[PDB]
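Encoded as structure tokens, the structure appears first; notes follow it.
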Amino acid sequence: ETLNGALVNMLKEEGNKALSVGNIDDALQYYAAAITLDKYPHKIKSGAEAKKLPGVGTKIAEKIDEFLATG
């Protein structure tokens with residue numbers, strides 16, 4: 001329902017990928033960013049803005065940019 005829910009799902013996929021490589025710390029980081037993005041009350045137009053939120057990293061912002069590039 002949340003405007004960013006689609007991106008949140010993609011973040012969950014990224015978290016699983018990090019787990020697949022044994023990078024549990026990164027996976028947890030993605031999950032934290034996903035929760036914050038959900039709590040945020042507005043659709044985000046770019047990942048760069050997303051970085052402002054606690055738990056969002058540069059890599060996560062880039063994923064957001066890519067998703068926007070896809071549609």
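Chain labels follow the order of the structure tokens: the first chain is A, the next B, and so on; residue numbering restarts at 1 in every chain, and ligands are counted from 1 in their shown order.
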
I want to know what sits within 9 Å of stretch 46-50 of chain A, based on only C-alpha atoms, with residues of the same chain fewer than 6 positions away left out; could you give that as a PyMOL selection string?
chain A and resi 33+37+56-58+60-66+68

I'd like the contact shell of residue A:5 - 10 Å cut-off, only C-alpha atoms, skipping same-chain residues fewer than 6 positions apart - returned as a count of residues only.
7

Identify all residues of chain A in alpha helix (DSSP H) (DSSP on the backbone) and supply them as an NGL selection string.
:A and (5-20 or 24-39 or 47-50 or 58-70)

Residue A:12 surroundings by only C-alpha atoms, 10 Å radius, close-in-sequence under 5 positions cut, as a list in words:
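Residues near the query, excluding close chain neighbours: residues 7, 17, 18, 27, 28, 30, 31, 32, 33 and 34 of chain A.
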
Limited to N, CA and C atoms, could you put the picked residues into a file as a tab-separated table (two decimals), in the first residue's frame?
```tsv
chain	number	residue	atom	x	y	z
A	7	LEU	N	9.61	-0.69	-4.20
A	7	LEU	CA	11.04	-0.62	-3.93
A	7	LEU	C	11.40	-1.45	-2.71
A	17	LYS	N	19.92	-11.78	-1.52
A	17	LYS	CA	21.14	-11.98	-2.29
A	17	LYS	C	22.37	-11.86	-1.39
A	18	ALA	N	22.38	-10.84	-0.52
A	18	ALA	CA	23.50	-10.67	0.39
A	18	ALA	C	23.64	-11.89	1.30
A	27	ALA	N	22.71	-7.77	4.41
A	27	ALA	CA	21.31	-8.14	4.29
A	27	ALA	C	20.47	-7.41	5.34
A	28	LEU	N	20.95	-7.41	6.58
A	28	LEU	CA	20.26	-6.69	7.65
A	28	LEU	C	20.17	-5.20	7.33
A	30	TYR	N	20.01	-3.76	4.37
A	30	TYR	CA	18.96	-3.57	3.37
A	30	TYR	C	17.58	-3.62	4.02
A	31	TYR	N	17.38	-4.57	4.93
A	31	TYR	CA	16.09	-4.69	5.60
A	31	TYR	C	15.77	-3.43	6.41
A	32	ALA	N	16.78	-2.87	7.06
A	32	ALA	CA	16.57	-1.65	7.84
A	32	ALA	C	16.15	-0.50	6.94
A	33	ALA	N	16.83	-0.37	5.80
A	33	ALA	CA	16.48	0.67	4.85
A	33	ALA	C	15.06	0.47	4.32
A	34	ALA	N	14.68	-0.79	4.09
A	34	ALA	CA	13.35	-1.08	3.58
A	34	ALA	C	12.27	-0.61	4.55
```

I'd like the interatomic distance between atom CA of residue A:41 and atom CA of residue A:19, to a tenth of an Å.
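A separation of 28.7 Å between them.
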